[PDB]
Amino acid sequence: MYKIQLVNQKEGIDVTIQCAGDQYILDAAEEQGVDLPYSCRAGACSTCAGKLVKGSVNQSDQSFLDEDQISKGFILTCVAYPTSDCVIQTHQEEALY
Ligand code: FES
């Protein structure tokens, strides 16, 4: 099982969840009592944006983030599958601009 540390601080947040390789980060968080932001749940907006600061994901369904944003670690948590243990900063839409 992958271990996913979810951090913000503002928003209050520092909690670790587990996530299977076939489960999206957002869904796993919700199953374990963590309320993360979302709207479309379809990879077509930035509501659920996070930043991957350690580890790897496959978020290839994402259709909203550009190459610079991807290079900076931004992810859409509603369509991200972990491929390793990860540290993800939550509520990162506000950090895009
Ligand atoms: S909630 Fe719209 S991309 Fe995740």
Side-chain angles (χ1 to χ4, degrees):
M1 293 283 314
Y2 302 118
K3 303 302 181 64
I4 314 299
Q5 182 181 3
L6 295 169
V7 307
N8 187 128
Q9 27 178 230
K10 344 197 205 184
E11 323 316 325
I13 302 180
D14 186 358
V15 55
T16 299
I17 63 168
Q18 57 180 352
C19 189
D22 63 352
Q23 179 180 34
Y24 294 133
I25 297 298
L26 177 60
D27 290 324
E30 286 170 343
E31 282 200 355
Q32 290 163 86
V34 181
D35 175 7
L36 296 183
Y38 64 88
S39 70
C40 87
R41 309 180 71 99
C45 86
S46 55
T47 303
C48 72
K51 188 189 285 167
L52 183 62
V53 293
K54 184 173 186 44
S56 290
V57 302
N58 182 337
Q59 58 157 347
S60 71
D61 301 331
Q62 80 83 17
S63 62
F64 208 69
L65 296 174
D66 73 20
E67 291 193 355
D68 179 61
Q69 292 163 337
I70 291 298
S71 80
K72 286 172 173 158
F74 289 106
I75 65 167
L76 303 184
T77 62
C78 71
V79 287
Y81 296 108
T83 65
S84 71
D85 290 348
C86 294
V87 181
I88 297 169
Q89 294 169 336
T90 66
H91 302 78
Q92 292 296 293
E93 179 179 67
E94 38 263 66
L96 291 167
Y97 296 93

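Start at 1 with the first residue, then count along the sequence. Each ligand, and each atom within it, is numbered from 1 in the order the structure gives.
Put simply, the side chain of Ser84 never gets that close to the backbone of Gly55: no donor and acceptor are under 3.5 Å apart. Here the side chain of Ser56 pairs no donor or acceptor atom with the backbone of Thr83 at under 3.5 angstrom.
Salt bridge status for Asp85 with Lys54: absent, with no side-chain N to carboxylate O gap under 4.0 Å.
Of all atoms in ligand 1, listed by their number and element, those nearer than 4.0 Å to a heavy atom of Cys78 are 1 (S), 3 (S), 4 (Fe). Listed by atom number, the atoms of ligand 1 under 4.0 Å from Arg41 heavy atoms are 1 (S), 2 (Fe). Atoms of ligand 1 found under 4.0 Å from any heavy atom of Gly43 (numbered from 1 in listed order, with element): 3 (S). If you number the atoms of ligand 1 from 1 as listed, the ones under 4.0 Å from a heavy atom of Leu76 come out as 3 (S).
For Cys48, every N, O or S atom stays at 2.8 Å or more from atom 2 (Fe) of ligand 1. Among the backbone and side-chain atoms of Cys45, an N, O or S atom lies under 2.8 Å from atom 2 (Fe) of ligand 1.
Residue contacts with ligand 1, taken as heavy atom pairs separated by less than 4.0 Å, involve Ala44 solely via the backbone atoms N, CA, C and O.
Side-chain contact check for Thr16 and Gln5: no donor-acceptor pair (N or O, by modelled atom type) lies under 3.5 Å.
By the 4.5 Å heavy-atom criterion applied to side chains, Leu52 and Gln89 are not counted as neighbours.
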Starting from the C-alpha separation in whole Å, work towards a yes-or-no answer on salt bridge (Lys or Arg N to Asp or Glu O under 4.0 Å) for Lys51 and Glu93.
CA-CA 9 Å; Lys51 188 189 285 167; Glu93 179 179 67; over 6 Å; no
